[PDB]
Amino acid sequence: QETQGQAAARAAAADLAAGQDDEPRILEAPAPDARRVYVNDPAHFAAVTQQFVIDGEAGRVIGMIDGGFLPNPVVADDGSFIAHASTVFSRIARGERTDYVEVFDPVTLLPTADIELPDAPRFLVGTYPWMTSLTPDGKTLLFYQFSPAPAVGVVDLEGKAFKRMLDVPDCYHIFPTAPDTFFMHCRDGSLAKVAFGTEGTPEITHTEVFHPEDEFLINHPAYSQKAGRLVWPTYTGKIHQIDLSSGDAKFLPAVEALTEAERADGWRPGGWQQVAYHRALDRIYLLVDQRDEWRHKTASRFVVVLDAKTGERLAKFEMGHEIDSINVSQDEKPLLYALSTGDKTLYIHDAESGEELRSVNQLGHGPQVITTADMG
């Protein structure tokens, strides 16, 4: 009921009236919990950008992070650190380029590491969460390189050093499974398992081709590292689930998110981060609206929810705003996060009822990526 701003005013008035002293100082962020959410703002390709740290429970900004050009955010699942891979230039957007990785303390937000990436190797793209990835332990960060060829950078966060670039075939995104292993997704429709011992070529094994040339898998799949679950929508609402918990790719039964009659009446996924996945509930959330086939990057006004095992639509939400990206907290009875690039606002809903609970406006210029820690 009473906004955090009114309670603050009373806290402050009571402090004045009762004559409590207090030293002005640098605050510390509340300990990282399940309901903390990070929102990044790519700022429509601006040279400098902002990450926002938000308490999702109280709907309050609890700190921010600065970043260069189209940075890659990662959040350590256990809560122990966040990090990004970022890019600056000597003269704003011109001159000498330095790509680097920062590792931050998650309560002070002070950088605890600055690791320069040689030869400016970063993939400069509209932000895809899985183009830079943490490994299960958090001892290695890997990132995508596109030029001259698809490649993957190995960075050692623990020894605070870049290590080497890995040769890979024509493949995309990085989904790590082990301290020395990850899958990517290749042009030919397969997944590649890439496993690297430091010292020369990695072992490369492709899976089976799992989708046709003319079925289109989106830029923003959802992946649970703790669950080994990858959830890849196609432009049509079809959902490829691949389970990686064995060490190798097992393909689950594909499942439609949109009924036959809904598709015929112009229903399609659309937005940015269009899909979310809840680990403990084994449950899938997806942004949908009525749209033309090539408006796949536009805001949607409805979220659908379905059982990953069966595909049974568990609820349809009317969201009430133009939503671009969704995600969920991984606690019991989670929050559904719905971010509007247009509104610059994160809307926070109950992932059971879908009723809007509270919202955090003024998050930069074009916020697009929502990240959460999976802490249990």
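In case it trips you up, residue 1 is the first one in the sequence shown, and so on. Rigid core (definition): largest C-alpha set, two forms, superposition within 1.5 Å.
Relative to the shown model and aligned on the rigid core, the C-alphas in 8 other deposited structures of this protein deviate most, among 216-224 and 193-201, for 193-201. As the entry records it, the average C-alpha temperature factor is higher for 308-316, out of 308-316 and 41-49. For the pair 137-145 and 207-215, the mean Cα B-factor is higher in 207-215. Residue-level inspection of the entry shows that, of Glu96, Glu102, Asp248, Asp105, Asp248 has the top Cα B-factor. You'll see in the entry that, of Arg91, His84, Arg122, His240, the Cα B factor peaks at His240. Among all modelled residues in this chain, the alpha-carbon of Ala31 has a temperature factor (C-alpha) in the lowest third. In the PDB entry, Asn72 places in the lowest third of its chain by CA B-factor. The entry lists a Cα temperature factor for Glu260 that places it in the highest third of the chain's modelled residues. In this PDB entry, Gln368 carries a Cα temperature factor that places it within the lowest third of its chain's modelled residues. The PDB entry assigns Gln20 a C-alpha temperature factor belonging to the highest third of its chain's modelled residues.
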